[PDB]
Amino acid sequence: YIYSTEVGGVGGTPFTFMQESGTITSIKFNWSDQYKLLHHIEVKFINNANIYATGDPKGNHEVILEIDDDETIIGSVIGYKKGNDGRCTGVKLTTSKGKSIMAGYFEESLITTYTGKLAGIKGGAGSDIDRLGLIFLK
Amino acid sequence: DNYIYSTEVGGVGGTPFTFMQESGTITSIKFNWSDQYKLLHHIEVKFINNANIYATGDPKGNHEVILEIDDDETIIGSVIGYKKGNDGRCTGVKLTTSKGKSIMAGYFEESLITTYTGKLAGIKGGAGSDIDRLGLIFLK
Amino acid sequence: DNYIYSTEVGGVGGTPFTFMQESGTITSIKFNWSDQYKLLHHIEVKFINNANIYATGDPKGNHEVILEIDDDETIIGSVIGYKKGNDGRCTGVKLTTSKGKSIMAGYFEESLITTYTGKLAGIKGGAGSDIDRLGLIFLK
Amino acid sequence: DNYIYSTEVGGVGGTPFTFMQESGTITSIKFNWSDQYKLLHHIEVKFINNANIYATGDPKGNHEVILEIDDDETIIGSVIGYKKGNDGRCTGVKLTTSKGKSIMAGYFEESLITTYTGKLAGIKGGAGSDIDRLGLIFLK
Amino acid sequence: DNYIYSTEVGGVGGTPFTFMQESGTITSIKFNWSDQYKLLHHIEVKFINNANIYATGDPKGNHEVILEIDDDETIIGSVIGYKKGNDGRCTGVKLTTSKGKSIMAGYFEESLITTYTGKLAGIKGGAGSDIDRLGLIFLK
Amino acid sequence: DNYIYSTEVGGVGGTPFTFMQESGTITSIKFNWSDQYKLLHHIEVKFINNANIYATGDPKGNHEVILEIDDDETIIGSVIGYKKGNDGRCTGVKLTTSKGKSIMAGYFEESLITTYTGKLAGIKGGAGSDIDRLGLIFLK
Amino acid sequence: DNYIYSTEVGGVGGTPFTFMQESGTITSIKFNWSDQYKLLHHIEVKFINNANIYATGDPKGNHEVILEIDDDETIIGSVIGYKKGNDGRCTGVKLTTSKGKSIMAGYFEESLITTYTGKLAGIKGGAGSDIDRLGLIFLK
Ligand SMILES: OC[C@H]1O[C@H](O[C@H]2[C@@H](O)[C@H](O)[C@@H](CO)O[C@@H]2O)[C@@H](O)[C@@H](O)[C@@H]1O
Ligand SMILES: OC[C@H]1O[C@H](O[C@H]2[C@@H](O)[C@H](O)[C@@H](CO)O[C@@H]2O)[C@@H](O)[C@@H](O)[C@@H]1O
Ligand SMILES: OC[C@H]1O[C@H](O[C@H]2[C@@H](O)[C@H](O)[C@@H](CO)O[C@@H]2O)[C@@H](O)[C@@H](O)[C@@H]1O
């Protein structure tokens, strides 16, 4: 496993979504024009009908990316407000098959992450996504 | 199964539909939508070697688009727009094929799914006056 | 047959027509249309090794385009615009070839089909004053 | 023959002309046109191994463009603009070669033909004060 | 050495810094800058196999960008903007990697260097309230 | 000969010039032009293995461009602008090489020729105060 | 020699300079220019395996640009702007490398040379308060 920097604030309840010998097949991002933040994320893993969720699903928008079993992330950008009082603002992902999604806003700070097979996510959430970091295979 | 089910997106309303063929795939798919409600109202599908039309929803929109699919031709990119919620609806579809054919139907103002790719084999969801919910189905 | 029939789109009106030739393909196609009605009115087709001009519909429009097709040249992209319904009509045609030639004829305000691709071999549909419906025919 | 004849487009007016040479091809072509009438008026042509200039039409226009063609050079895209009708006229010519050379001469605010491609071998049509019609001729 | 040192650009101010490691390269670099002063203020760096964060300058800017670098990933394009002079400053950085990742930080209004390319191994310069001077370091 | 002569374009005025060398090619060419008259006034040429500068016309323009040509480098695109007529003049030159070098000199408002391509070997035409006419010369 | 000398462009004044090294090539070049006079004023050059900085002209401009050159990296495009005349001057430089690096320094309002390409090995010309003239030098 490769751990990409968790970006955003130090707030919210911790979460770690990863599963032995499995990878992410679906990820959903929920955000608002009201606060220009991510509020909620859900993830499903290959061979597991369970939905792992975090944060309050209170936003007016929601995008889903479904990921073929041989499909990698070749480009990834997370927008955030920096600081202890920080927050995760947006996500742009682009895959090895030219699929892409764009969620929320990118007006303050950006990270272009590591690339590879997306395997999990970790960070903190409450009303909002406080911090978010991606996890890849090695 | 031998099938991949992409998420049914939209609401919980309407009459169920499931359109698949055991040793067959979709060769033609049609989307009907309105500028009045910015929704998808009606869908039709034909399957390889079968002139019969499987249809669902009320064909009441002012626009229709049809995509024909060559027998060796895959979907390499697929986006469905929808309103989220139990009271949700399907809003638009963009498909792009392995031969650079593409279609764009309805609106993409609220929520989006970029689906799984592959040989498009069927569709399932619910419809009434509108397309309440839609999920694509692929081979392996 | 050894032919692929793309959906005839438009209305149910007009006199039937079918233009094909055994062991022959289309080398020239002409579209005639009006800004007055935003419709196709007339189509002509010539086939390799055949000096005859096969025509249908009333040649009443203010615009004409001709596409000539080299013997080894395929259609790699094809879009037909139409008004849907029993009362429908064929509104426009956009073709792009394997040699980067392209044409755009009439209007695409209501409904679209992206057809099958391949070596264009014939056309079938109905015409009178206008082109009621039209469908392309390719080779396998 | 061993020649491919693109459609002569334009009107039925003027004196006929045919510019070809057995075992020869065109190395230079000149188009003369006016902003006053938005028409071609005059064409000149030279052939490989022949210092003679073949001309047709009245050279009265304010613009002139010349395309020289290398011996292994081929036309990969060609458009002629024209006014349709018995009283028709040739309005413009756009050629693009296999070496990325191109020219654009006169106007295209009317009917258009995308012709056949290949080694340009000659031209035929009718001319007087104006170029009434024009058709390209290629090898095989 | 085993290292290529690109010119330190900017002023002679601030506290020196040198961030390198034996048998190691940079996996993460962060730039902090302001719209108020159109300068870089703060930089952080992590190295492969070392959870420590090496920092310099005052983190007082309204913007931050981070570039994470895969173990086999090189810099193929690099531009640093700066004010020249003893009282100089580092104004902006544009980096582009061998995997098409890129970042753009701060402003490019006065002077530019396009640096040497390769596997980024470290950085060195001076910082205080702002980043006074900066120079990249690559492998061989 | 072993030479290809592009059309001399422009007027019939000025003193003749012909600049060529057996078993030699052009390595440098300079064009001098004015915004006052929108004409070329002066041209210079150097040949491989020959320190001499061959010049013609009055060097009175406010602009000069020089193209140096590597020994294996060809002209793949060439455009000369001119006023047609007995009282004609050469107005501008665009050249583009096999290595993507290019130059653009003077104006292109009236008439254009896209010439033959190849290894540029010499120039011929007439000059006085202005470049009256100009024709390029290539190898085989 | 084993060197190619591109035309020195600009005026005949300034103090002569020639920067070359046997079995060595340029790894860094810096250009200093002003918006006040729209001229280059100063140039510095470093060579592979030589910590010395070779400089010429008065470093009085408000802008500076530096290009670093990897050991296997060539100039594939070079453009120098200048004022022509005995009282001439060098106005700007644009360089593009075989790795897609580039720089742009000063102004290009009067005259241009698109010089020879290859491995940049040295520079020669004249300088004082400004860069009177400048010529690049390449390998073979
Ligand atoms: O196409 C040009 C035309 O030139 C000559 O006729 C011209 C003129 O004299 C006539 O008055 C008008 C009438 O329509 O036509 C031309 O402008 C003839 O050579 C004619 O055959 C030719 O078409
Ligand atoms: O990095 C800029 C600057 O930082 C520090 O200087 C600060 C302050 O003490 C100085 O007085 C003012 C300028 O006079 O600049 C900053 O506010 C020092 O580290 C200095 O070396 C450096 O230039
Ligand atoms: O290109 C710089 C220029 O520097 C020197 O000339 C300077 C001065 O001495 C001249 O008199 C003024 C004229 O007002 O021009 C410069 O300021 C000389 O080295 C000269 O050759 C050179 O051009």
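Protein chains in written order, with the deposited numbering: chain B, 7 to 144; chain A, 5 to 144; chain E, 5 to 144; chain D, 5 to 144; chain G, 5 to 144; chain C, 5 to 144; chain F, 5 to 144.
Ideal placement from N, C-alpha and C gives every residue a C-beta, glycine not left out.
Residue i beta carbon near ligand 1 (any heavy atom closer than 6 Å)
i                : result
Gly-18 (chain D) : yes
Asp-5 (chain D)  : no
Any non-hydrogen atom of ligand 3 closer than 6 Å to residue i Cβ
i                : result
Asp-62 (chain D) : no
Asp-39 (chain D) : no
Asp-91 (chain F) : no
Heavy atom of ligand 2 within 6 Å of residue i beta-carbon
i                 : result
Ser-82 (chain A)  : no
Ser-133 (chain G) : yes
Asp-136 (chain F) : no
Chain-ordered chain G contacts of residue i [CB-CB under 9 Å]
i                 : result
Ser-106 (chain F) : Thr-118
Environment of residue i [buried if 16+ CB atoms lie within 10 Å]
i                   : result
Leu-143 (chain B)   : exposed
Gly-14 (chain F)    : buried
residue 3 (chain C) : There is no way to answer for residue 3 (chain C), as the model of chain C reaches only from 5 to 144.
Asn-6 (chain A)     : exposed
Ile-57 (chain A)    : exposed
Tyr-86 (chain A)    : buried
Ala-131 (chain D)   : buried
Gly-28 (chain G)    : exposed
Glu-77 (chain F)    : buried
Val-16 (chain D)    : exposed
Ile-52 (chain E)    : exposed
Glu-12 (chain E)    : buried
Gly-126 (chain E)   : buried
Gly-110 (chain E)   : buried
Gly-104 (chain A)   : exposed
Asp-136 (chain G)   : buried
Contacts of residue i in chain D (Cβ-Cβ under 7 Å)
i                 : result
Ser-115 (chain C) : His-67, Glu-68, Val-69
Chain F contact residues for residue i, given Cβ-Cβ distances below 7 Å
i                : result
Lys-88 (chain G) : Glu-68
Where residue i meets chain B, residues with beta-carbon distance less than 8 Å
i                : result
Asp-74 (chain G) : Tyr-120, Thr-121, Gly-122
Residues that residue i contacts on chain B, provided the C-beta gap is smaller than 7 Å
i                : result
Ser-32 (chain G) : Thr-11
Chain-ordered chain A contacts of residue i [CB-CB under 9 Å]
i                 : result
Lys-103 (chain B) : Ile-80, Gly-81, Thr-121
For the 8 Å Cβ check, are there 3 or more pairs between the segment 105-123 of chain A and the segment 75-86 of chain A?
yes
At least 3 beta-carbon pairs within less than 8 Å: the segment 16-31 of chain D vs the segment 65-79 of chain E:
no
Given 8 Å, three or more beta-carbon pairs between the segment 55-71 of chain G and the segment 102-116 of chain B
yes
With three or more beta-carbon pairs closer than 8 Å as the criterion, would you say the segment 26-46 of chain A touches the segment 34-43 of chain E?
no
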